[PDB]
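What follows is a single structure, written as structure tokens, with notes after it.
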Amino acid sequence: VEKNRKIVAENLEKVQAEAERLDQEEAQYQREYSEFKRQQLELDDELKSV
Amino acid sequence: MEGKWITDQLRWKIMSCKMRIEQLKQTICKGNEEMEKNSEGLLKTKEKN
């Protein structure tokens with residue numbers, strides 16, 4: 001029972017950490033998407049201005 | 001008095017074995033409850049994630 005409980009607590013901490021890491025990765029990916037979409041919008045706006 | 005001491009020793013041994021079984025069971029129950037609560041929270045967080 002204690003082995004199971006220790007494994008469970010460790011895995012719960014690991015799952016919380018994995019969720020936080022996924023959140024950070026998603027924030028970075030949203031930043032990259034922001035950069036790419038801003039590039040697309042600026043390029044379209046420049047083509048239109050030209 | 002001597003026989004009383006010897007019998008007290010042996011009977012307290014048997015009783016302590018039972019009591020130890022009991023305390024171990026209580027601890028196992030507490031651990032199982034904690035594990036269930038953690039599993040529930042983990043499931044909810046996993047769904048949200």
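Ligands are numbered from 1 in the order shown, residues from 1 within each chain, and chains are lettered A, B, ... in the order they appear in the structure tokens.
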Within 8 Å of chain B, which residues belong to chain A? Use only C-alpha atoms and report them as a compact mmCIF listing (two decimals) with N, CA and C atoms, in the first residue's frame.
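The resulting file, result-v4.txt, is shown below:
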```txt
# COMPACT_ATOMS: atom_id res chain seq x y z
N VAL A 1 0.83 -1.20 0.00
CA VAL A 1 0.00 0.00 0.00
C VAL A 1 0.87 1.25 0.00
N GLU A 2 1.94 1.25 0.79
CA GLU A 2 2.81 2.41 0.87
C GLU A 2 3.58 2.61 -0.43
N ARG A 5 1.12 4.17 -2.71
CA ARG A 5 0.86 5.56 -2.34
C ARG A 5 2.01 6.47 -2.73
N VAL A 8 1.97 6.90 -6.35
CA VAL A 8 0.84 7.74 -6.72
C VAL A 8 1.17 9.21 -6.48
N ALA A 9 1.75 9.53 -5.33
CA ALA A 9 2.11 10.92 -5.05
C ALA A 9 3.16 11.41 -6.03
N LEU A 12 1.46 12.00 -9.31
CA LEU A 12 0.62 13.20 -9.28
C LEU A 12 1.46 14.46 -9.42
N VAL A 15 2.51 14.55 -12.98
CA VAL A 15 1.43 14.96 -13.87
C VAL A 15 1.21 16.46 -13.79
N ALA A 19 1.69 18.91 -16.91
CA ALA A 19 0.68 19.89 -17.30
C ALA A 19 1.29 21.29 -17.37
```
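Here CA of residue 11 (chain A) stands at a distance of 26.7 Å from CA of residue 23 (chain B).
Across the model, the gap from CA of residue 27 (chain A) to CA of residue 47 (chain B) is 19.1 Å.
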Separation of CA of residue 18 (chain A) from CA of residue 6 (chain A) in Å: 18.0 Å
